[PDB]
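The structure file coords-v4.tsv is reproduced below (TSV, C-alpha atoms and all ligand atoms).
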chain	number	residue	atom	x	y	z
A	1	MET	CA	16.56	-6.84	13.50
A	2	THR	CA	15.18	-7.69	10.08
A	3	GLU	CA	14.32	-4.95	7.60
A	4	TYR	CA	11.11	-5.07	5.56
A	5	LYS	CA	10.90	-2.89	2.47
A	6	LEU	CA	7.30	-2.16	1.51
A	7	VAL	CA	5.85	0.39	-0.89
A	8	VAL	CA	2.37	1.87	-0.86
A	9	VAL	CA	1.34	2.12	-4.50
A	10	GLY	CA	-1.93	3.35	-5.92
A	11	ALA	CA	-3.79	6.21	-7.54
A	12	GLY	CA	-3.30	9.79	-6.43
A	13	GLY	CA	-5.73	11.08	-3.84
A	14	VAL	CA	-6.55	7.71	-2.31
A	15	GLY	CA	-4.77	8.61	0.92
A	16	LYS	CA	-1.39	6.89	0.55
A	17	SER	CA	0.52	9.50	2.59
A	18	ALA	CA	-2.14	9.94	5.32
A	19	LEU	CA	-2.48	6.18	5.88
A	20	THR	CA	1.25	5.81	6.47
A	21	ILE	CA	1.79	9.05	8.42
A	22	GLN	CA	-0.97	7.97	10.79
A	23	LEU	CA	1.17	5.05	11.99
A	24	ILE	CA	4.33	7.18	11.98
A	25	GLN	CA	3.19	10.41	13.62
A	26	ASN	CA	0.15	8.87	15.37
A	27	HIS	CA	-2.30	11.39	13.88
A	28	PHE	CA	-4.35	12.08	10.77
A	29	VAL	CA	-3.11	14.76	8.41
A	30	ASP	CA	-5.92	16.66	6.65
A	31	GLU	CA	-3.67	18.50	4.22
A	32	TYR	CA	-0.40	17.02	2.96
A	33	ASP	CA	1.63	17.50	-0.22
A	34	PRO	CA	0.54	14.89	-2.81
A	35	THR	CA	3.71	15.20	-4.88
A	36	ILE	CA	6.01	14.38	-1.96
A	37	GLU	CA	7.64	10.96	-2.05
A	38	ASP	CA	9.20	10.44	1.38
A	39	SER	CA	10.32	7.23	3.06
A	40	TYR	CA	9.25	6.58	6.65
A	41	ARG	CA	10.68	3.91	8.97
A	42	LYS	CA	8.96	2.21	11.90
A	43	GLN	CA	10.15	-0.54	14.25
A	44	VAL	CA	7.56	-3.00	15.55
A	45	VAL	CA	7.97	-6.32	17.36
A	46	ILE	CA	5.29	-8.10	15.36
A	47	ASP	CA	4.85	-11.86	15.86
A	48	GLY	CA	7.67	-11.81	18.38
A	49	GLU	CA	10.04	-10.49	15.74
A	50	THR	CA	11.67	-7.08	16.13
A	51	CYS	CA	11.63	-5.82	12.57
A	52	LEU	CA	12.24	-2.44	10.96
A	53	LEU	CA	9.73	-1.31	8.36
A	54	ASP	CA	10.89	0.73	5.38
A	55	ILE	CA	7.93	2.41	3.70
A	56	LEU	CA	7.77	4.83	0.77
A	57	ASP	CA	4.87	7.21	0.17
A	58	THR	CA	4.63	7.33	-3.61
A	59	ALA	CA	3.72	10.62	-5.24
A	60	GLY	CA	2.53	9.38	-8.61
A	61	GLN	CA	4.99	10.49	-11.27
A	62	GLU	CA	8.77	10.61	-11.08
A	63	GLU	CA	11.29	12.38	-13.31
A	64	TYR	CA	12.24	9.13	-15.02
A	65	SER	CA	10.36	5.83	-15.32
A	66	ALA	CA	13.52	3.91	-14.43
A	67	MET	CA	13.55	5.73	-11.10
A	68	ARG	CA	9.99	4.65	-10.31
A	69	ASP	CA	10.64	1.10	-11.50
A	70	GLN	CA	13.72	1.05	-9.26
A	71	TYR	CA	11.86	0.74	-5.95
A	72	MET	CA	9.37	-1.51	-7.73
A	73	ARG	CA	12.00	-4.24	-7.75
A	74	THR	CA	13.35	-3.65	-4.24
A	75	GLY	CA	9.82	-3.72	-2.84
A	76	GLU	CA	9.06	-6.99	-1.07
A	77	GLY	CA	5.49	-6.13	-0.17
A	78	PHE	CA	3.16	-3.70	-1.90
A	79	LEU	CA	0.14	-2.07	-0.34
A	80	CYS	CA	-2.50	-1.45	-2.98
A	81	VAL	CA	-4.86	1.14	-1.53
A	82	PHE	CA	-7.80	2.53	-3.48
A	83	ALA	CA	-10.73	4.82	-2.72
A	84	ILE	CA	-14.16	3.23	-2.26
A	85	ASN	CA	-15.68	6.57	-3.27
A	86	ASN	CA	-13.54	6.67	-6.42
A	87	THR	CA	-14.19	3.78	-8.80
A	88	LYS	CA	-11.53	5.19	-11.13
A	89	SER	CA	-8.85	4.29	-8.59
A	90	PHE	CA	-10.34	0.81	-8.12
A	91	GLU	CA	-10.12	-0.01	-11.82
A	92	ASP	CA	-6.49	1.12	-11.82
A	93	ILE	CA	-5.75	-1.82	-9.50
A	94	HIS	CA	-5.60	-4.05	-12.60
A	95	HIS	CA	-2.85	-1.92	-14.14
A	96	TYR	CA	-0.73	-1.75	-10.97
A	97	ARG	CA	-0.91	-5.48	-10.20
A	98	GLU	CA	-0.04	-6.36	-13.79
A	99	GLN	CA	2.69	-3.71	-14.08
A	100	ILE	CA	4.50	-4.50	-10.83
A	101	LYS	CA	4.25	-8.22	-11.64
A	102	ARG	CA	6.14	-7.49	-14.87
A	103	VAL	CA	8.76	-5.32	-13.16
A	104	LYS	CA	9.64	-8.08	-10.69
A	105	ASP	CA	8.96	-10.83	-13.24
A	106	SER	CA	6.95	-12.90	-10.77
A	107	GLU	CA	3.36	-14.08	-10.45
A	108	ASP	CA	3.70	-14.52	-6.71
A	109	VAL	CA	4.08	-10.97	-5.42
A	110	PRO	CA	3.04	-10.14	-1.82
A	111	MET	CA	0.26	-7.56	-1.98
A	112	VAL	CA	-2.70	-6.48	0.12
A	113	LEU	CA	-5.78	-4.78	-1.28
A	114	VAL	CA	-6.84	-1.82	0.82
A	115	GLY	CA	-10.08	0.12	0.53
A	116	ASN	CA	-9.56	3.52	2.14
A	117	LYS	CA	-12.19	6.13	3.05
A	118	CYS	CA	-14.52	3.54	4.59
A	119	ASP	CA	-15.60	6.28	7.00
A	120	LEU	CA	-16.84	8.44	4.13
A	121	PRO	CA	-20.17	8.25	2.24
A	122	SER	CA	-20.95	8.07	-1.48
A	123	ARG	CA	-19.38	4.63	-1.80
A	124	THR	CA	-19.39	3.65	-5.47
A	125	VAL	CA	-17.09	0.66	-5.06
A	126	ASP	CA	-18.96	-2.10	-3.25
A	127	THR	CA	-17.06	-4.33	-0.83
A	128	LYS	CA	-17.99	-7.42	-2.86
A	129	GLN	CA	-16.32	-6.02	-5.99
A	130	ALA	CA	-13.05	-5.41	-4.18
A	131	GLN	CA	-13.21	-8.71	-2.31
A	132	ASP	CA	-13.94	-10.52	-5.59
A	133	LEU	CA	-10.87	-8.99	-7.20
A	134	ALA	CA	-8.63	-9.78	-4.22
A	135	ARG	CA	-9.80	-13.40	-4.14
A	136	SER	CA	-8.94	-13.68	-7.85
A	137	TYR	CA	-5.42	-12.31	-7.29
A	138	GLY	CA	-4.94	-14.59	-4.30
A	139	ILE	CA	-4.46	-11.81	-1.79
A	140	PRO	CA	-6.35	-10.39	1.25
A	141	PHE	CA	-8.57	-7.30	1.20
A	142	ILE	CA	-9.59	-5.11	4.14
A	143	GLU	CA	-11.50	-1.81	4.25
A	144	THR	CA	-9.67	1.05	5.94
A	145	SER	CA	-9.90	4.69	6.95
A	146	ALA	CA	-6.94	7.02	7.57
A	147	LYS	CA	-9.24	9.31	9.54
A	148	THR	CA	-10.37	6.67	12.05
A	149	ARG	CA	-7.29	4.42	11.67
A	150	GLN	CA	-9.70	1.53	11.13
A	151	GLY	CA	-8.23	-1.51	9.41
A	152	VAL	CA	-5.02	0.41	8.68
A	153	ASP	CA	-3.24	-1.32	11.56
A	154	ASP	CA	-4.34	-4.74	10.31
A	155	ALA	CA	-3.57	-3.95	6.67
A	156	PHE	CA	0.04	-2.97	7.39
A	157	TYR	CA	0.52	-6.02	9.62
A	158	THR	CA	-1.00	-8.32	7.01
A	159	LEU	CA	1.40	-7.00	4.37
A	160	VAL	CA	4.40	-7.95	6.52
A	161	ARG	CA	3.01	-11.43	7.04
A	162	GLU	CA	2.34	-11.76	3.32
A	163	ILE	CA	6.00	-10.90	2.74
A	164	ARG	CA	7.09	-13.54	5.25
A	165	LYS	CA	4.67	-16.01	3.69
A	166	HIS	CA	6.32	-15.43	0.31
A	167	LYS	CA	9.80	-15.78	1.80
A	168	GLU	CA	8.85	-19.01	3.58
A	169	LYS	CA	7.26	-20.73	0.59
B	201	LIG	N1	-11.97	11.65	5.06
B	201	LIG	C1	-10.85	11.00	4.75
B	201	LIG	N2	-9.87	11.63	4.07
B	201	LIG	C2	-8.72	11.01	3.80
B	201	LIG	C3	-8.50	9.75	4.18
B	201	LIG	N3	-7.27	9.41	3.82
B	201	LIG	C4	-6.71	10.46	3.21
B	201	LIG	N4	-7.62	11.44	3.19
B	201	LIG	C5	-7.43	12.77	2.56
B	201	LIG	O1	-7.07	12.67	1.18
B	201	LIG	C6	-6.34	13.86	0.84
B	201	LIG	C7	-4.94	13.48	0.34
B	201	LIG	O2	-4.26	12.70	1.33
B	201	LIG	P1	-2.74	12.22	1.10
B	201	LIG	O3	-2.14	11.86	2.40
B	201	LIG	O4	-2.04	13.21	0.25
B	201	LIG	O5	-2.94	10.86	0.27
B	201	LIG	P2	-2.34	10.70	-1.22
B	201	LIG	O6	-2.06	12.04	-1.77
B	201	LIG	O7	-3.21	9.77	-1.99
B	201	LIG	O8	-0.94	9.97	-0.94
B	201	LIG	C8	-6.23	14.66	2.13
B	201	LIG	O9	-7.35	15.54	2.28
B	201	LIG	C9	-6.28	13.55	3.16
B	201	LIG	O10	-6.63	14.07	4.45
B	201	LIG	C10	-9.43	9.07	4.84
B	201	LIG	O11	-9.24	7.89	5.17
B	201	LIG	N5	-10.65	9.68	5.16
B	202	LIG	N1	12.02	6.58	-3.68
B	202	LIG	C1	13.18	6.44	-3.04
B	202	LIG	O1	13.49	7.09	-2.05
B	202	LIG	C2	14.11	5.37	-3.62
B	202	LIG	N2	15.00	4.88	-2.56
B	202	LIG	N3	14.41	4.48	-1.68
B	202	LIG	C3	13.73	3.35	-1.87
B	202	LIG	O2	13.75	2.69	-2.91
B	202	LIG	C4	13.05	2.92	-0.80
B	202	LIG	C5	12.59	3.75	0.13
B	202	LIG	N4	11.55	3.15	0.71
B	202	LIG	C6	11.38	1.97	0.13
B	202	LIG	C7	10.49	1.00	0.38
B	202	LIG	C8	10.52	-0.18	-0.35
B	202	LIG	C9	11.49	-0.33	-1.33
B	202	LIG	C10	12.39	0.71	-1.54
B	202	LIG	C11	12.31	1.82	-0.81
B	202	LIG	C12	14.84	5.91	-4.66
B	202	LIG	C13	14.21	6.23	-5.86
B	202	LIG	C14	14.96	6.65	-6.95
B	202	LIG	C15	16.34	6.77	-6.84
B	202	LIG	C16	16.97	6.47	-5.64
B	202	LIG	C17	16.22	6.04	-4.55
Would you mind giving the structure from this file in structure tokens?
Amino acid sequence: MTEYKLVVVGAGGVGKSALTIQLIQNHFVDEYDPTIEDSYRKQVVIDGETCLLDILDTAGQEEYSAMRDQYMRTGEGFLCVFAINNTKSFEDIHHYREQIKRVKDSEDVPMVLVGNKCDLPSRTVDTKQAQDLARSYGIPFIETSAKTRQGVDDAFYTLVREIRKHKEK
């Protein structure tokens, strides 16, 4: 049983916790503490491989930067989820990608761009914009919704494969 350590990083309010809890508790949480940083584990036999997923629902700000940067190094795959109805979170993608790349000191870092809230209206971030960015980074992008669980299943699976892809280069 192989263990995969992945961290869901992004802006606050994008739905980091809900997206993960949906695949852990099998239901959508309407109200959940945004400052909670818990780690959930899930075992799935994906691609004929029985692996154990180690995920961490980031809050946003830790007591010390070194503590936040700690799991930034141990993270093999990072799920970059943003809100299509919040352009502010989409622009922050540049900072995260650049920052985490520096922390690990690598240009080839397994990441998947995720556009949450695809089931909600008032979309300011067009799909093309997100896709354009993902194609420039050299990573995949899929729209998702924690409420309908659309794309979320694929996104999480893709991240694991991206990790494997990086470890089989
Ligand atoms: N309608 C809708 N709300 C979502 C979605 N994902 C998360 N939310 C809501 O966003 C708010 C914060 O969710 P939370 O799990 O704390 O995400 P986080 O704080 O960004 O890690 C809550 O009201 C969630 O129910 C979604 O996909 N669709
Ligand atoms: N945030 C935490 O619980 C940190 N430990 N856990 C982790 O790093 C991991 C938990 N889930 C992960 C997913 C991918 C990589 C790492 C982890 C932590 C932070 C500060 C001090 C001591 C421990």
Determine the axis-aligned bounding box of all atoms of ligand LIG 202 (chain B) present in the file, pad each side by 8 Å, and express its centre and edge lengths in Å to one decimal place as lines of an AutoDock Vina configuration file.
center_x = 13.7
center_y = 3.4
center_z = -3.1
size_x = 22.5
size_y = 23.4
size_z = 23.7
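From atom CA of residue 93 of chain A back to atom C8 of ligand LIG 202 (chain B), the distance works out to 18.7 Å.
With only C-alpha atoms as the atoms that count, the minimum distance from residue 90 of chain A to the choices A:47, A:126, A:63, A:105 is reached by A:126.
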*Please provide the set of residues having any atom within 12 Å of residue 134 of chain A, restricted to only C-alpha atoms, with same-chain residues fewer than 2 positions apart removed, written as a PyMOL selection string.*
chain A and resi 80-81+90+93-94+97+110-115+127-132+136-143
For C-alpha atoms, I'd like the residues from the last selection saved as a compact mmCIF listing (two decimals), in the frame of the given file.
# COMPACT_ATOMS: atom_id res chain seq x y z
CA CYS A 80 -2.50 -1.45 -2.98
CA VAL A 81 -4.86 1.14 -1.53
CA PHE A 90 -10.34 0.81 -8.12
CA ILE A 93 -5.75 -1.82 -9.50
CA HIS A 94 -5.60 -4.05 -12.60
CA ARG A 97 -0.91 -5.48 -10.20
CA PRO A 110 3.04 -10.14 -1.82
CA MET A 111 0.26 -7.56 -1.98
CA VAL A 112 -2.70 -6.48 0.12
CA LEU A 113 -5.78 -4.78 -1.28
CA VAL A 114 -6.84 -1.82 0.82
CA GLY A 115 -10.08 0.12 0.53
CA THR A 127 -17.06 -4.33 -0.83
CA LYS A 128 -17.99 -7.42 -2.86
CA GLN A 129 -16.32 -6.02 -5.99
CA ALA A 130 -13.05 -5.41 -4.18
CA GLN A 131 -13.21 -8.71 -2.31
CA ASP A 132 -13.94 -10.52 -5.59
CA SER A 136 -8.94 -13.68 -7.85
CA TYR A 137 -5.42 -12.31 -7.29
CA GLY A 138 -4.94 -14.59 -4.30
CA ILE A 139 -4.46 -11.81 -1.79
CA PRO A 140 -6.35 -10.39 1.25
CA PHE A 141 -8.57 -7.30 1.20
CA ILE A 142 -9.59 -5.11 4.14
CA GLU A 143 -11.50 -1.81 4.25
*Find, counting all atoms listed in the file, the residue in A:58, A:43, A:86, A:50 that gets nearest to ligand LIG 202 (chain B).*
A:58
*Could you give me, as a list in words, every polymer residue with an atom at most 6 Å away from an atom of ligand LIG 201 (chain B), counting all atoms listed in the file?*
residues 12, 13, 14, 15, 16, 17, 18, 29, 30, 31, 32, 33, 34, 116, 117, 120, 145, 146 and 147 of chain A
Residues from last step as file, C-alpha atoms, as a PDB file, in the frame of the given file:
ATOM      1  CA  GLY A  12      -3.300   9.790  -6.430  1.00  0.00           C
ATOM      2  CA  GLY A  13      -5.730  11.080  -3.840  1.00  0.00           C
ATOM      3  CA  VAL A  14      -6.550   7.710  -2.310  1.00  0.00           C
ATOM      4  CA  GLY A  15      -4.770   8.610   0.920  1.00  0.00           C
ATOM      5  CA  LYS A  16      -1.390   6.890   0.550  1.00  0.00           C
ATOM      6  CA  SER A  17       0.520   9.500   2.590  1.00  0.00           C
ATOM      7  CA  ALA A  18      -2.140   9.940   5.320  1.00  0.00           C
ATOM      8  CA  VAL A  29      -3.110  14.760   8.410  1.00  0.00           C
ATOM      9  CA  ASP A  30      -5.920  16.660   6.650  1.00  0.00           C
ATOM     10  CA  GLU A  31      -3.670  18.500   4.220  1.00  0.00           C
ATOM     11  CA  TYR A  32      -0.400  17.020   2.960  1.00  0.00           C
ATOM     12  CA  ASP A  33       1.630  17.500  -0.220  1.00  0.00           C
ATOM     13  CA  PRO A  34       0.540  14.890  -2.810  1.00  0.00           C
ATOM     14  CA  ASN A 116      -9.560   3.520   2.140  1.00  0.00           C
ATOM     15  CA  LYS A 117     -12.190   6.130   3.050  1.00  0.00           C
ATOM     16  CA  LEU A 120     -16.840   8.440   4.130  1.00  0.00           C
ATOM     17  CA  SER A 145      -9.900   4.690   6.950  1.00  0.00           C
ATOM     18  CA  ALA A 146      -6.940   7.020   7.570  1.00  0.00           C
ATOM     19  CA  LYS A 147      -9.240   9.310   9.540  1.00  0.00           C
TER      20      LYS A 147
END
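Ranking A:88, A:42, A:149, A:68 by their shortest atom-to-atom distance to ligand LIG 202 (chain B), with only C-alpha atoms and all ligand atoms included, puts A:68 first.
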Environment of ligand LIG 202 (chain B) within 6 Å, counting all atoms listed in the file, reported as a PDB file with C-alpha atoms, in the frame of the given file:
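The result, written out as part.pdb:
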ATOM      1  CA  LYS A   5      10.900  -2.890   2.470  1.00  0.00           C
ATOM      2  CA  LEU A   6       7.300  -2.160   1.510  1.00  0.00           C
ATOM      3  CA  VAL A   7       5.850   0.390  -0.890  1.00  0.00           C
ATOM      4  CA  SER A  39      10.320   7.230   3.060  1.00  0.00           C
ATOM      5  CA  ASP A  54      10.890   0.730   5.380  1.00  0.00           C
ATOM      6  CA  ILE A  55       7.930   2.410   3.700  1.00  0.00           C
ATOM      7  CA  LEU A  56       7.770   4.830   0.770  1.00  0.00           C
ATOM      8  CA  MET A  67      13.550   5.730 -11.100  1.00  0.00           C
ATOM      9  CA  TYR A  71      11.860   0.740  -5.950  1.00  0.00           C
ATOM     10  CA  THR A  74      13.350  -3.650  -4.240  1.00  0.00           C
ATOM     11  CA  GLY A  75       9.820  -3.720  -2.840  1.00  0.00           C
TER      12      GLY A  75
END
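Distances here use all atoms listed in the file; by that measure, the residue among A:1, A:72, A:21, A:133 closest to residue 92 of chain A is A:133.
Counting only C-alpha atoms and comparing A:59, A:4, A:38, A:79, the residue that lies closest to residue 152 of chain A is A:79.
Take the candidates A:35, A:26, A:2, A:99 and check each one against residue 52 of chain A using all atoms listed in the file; the shortest distance goes to A:2.
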Got a sec: who's within 10 Å of residue 121 of chain A, counting all atoms listed in the file, leaving out chain neighbours fewer than 3 positions off, as a PDB file with C-alpha atoms, in the coordinates of the input?
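Below is the file out_38.pdb, written as the result:
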ATOM      1  CA  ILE A  84     -14.160   3.230  -2.260  1.00  0.00           C
ATOM      2  CA  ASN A  85     -15.680   6.570  -3.270  1.00  0.00           C
ATOM      3  CA  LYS A 117     -12.190   6.130   3.050  1.00  0.00           C
ATOM      4  CA  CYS A 118     -14.520   3.540   4.590  1.00  0.00           C
ATOM      5  CA  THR A 124     -19.390   3.650  -5.470  1.00  0.00           C
TER       6      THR A 124
END
*Using atom CA of residue 83 of chain A and atom CA of residue 144 of chain A as the two end points, give the distance in Å to one decimal.*
9.5 Å
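The gap separating atom CA of residue 160 of chain A from atom CA of residue 77 of chain A is 7.0 Å, in Å to one decimal.
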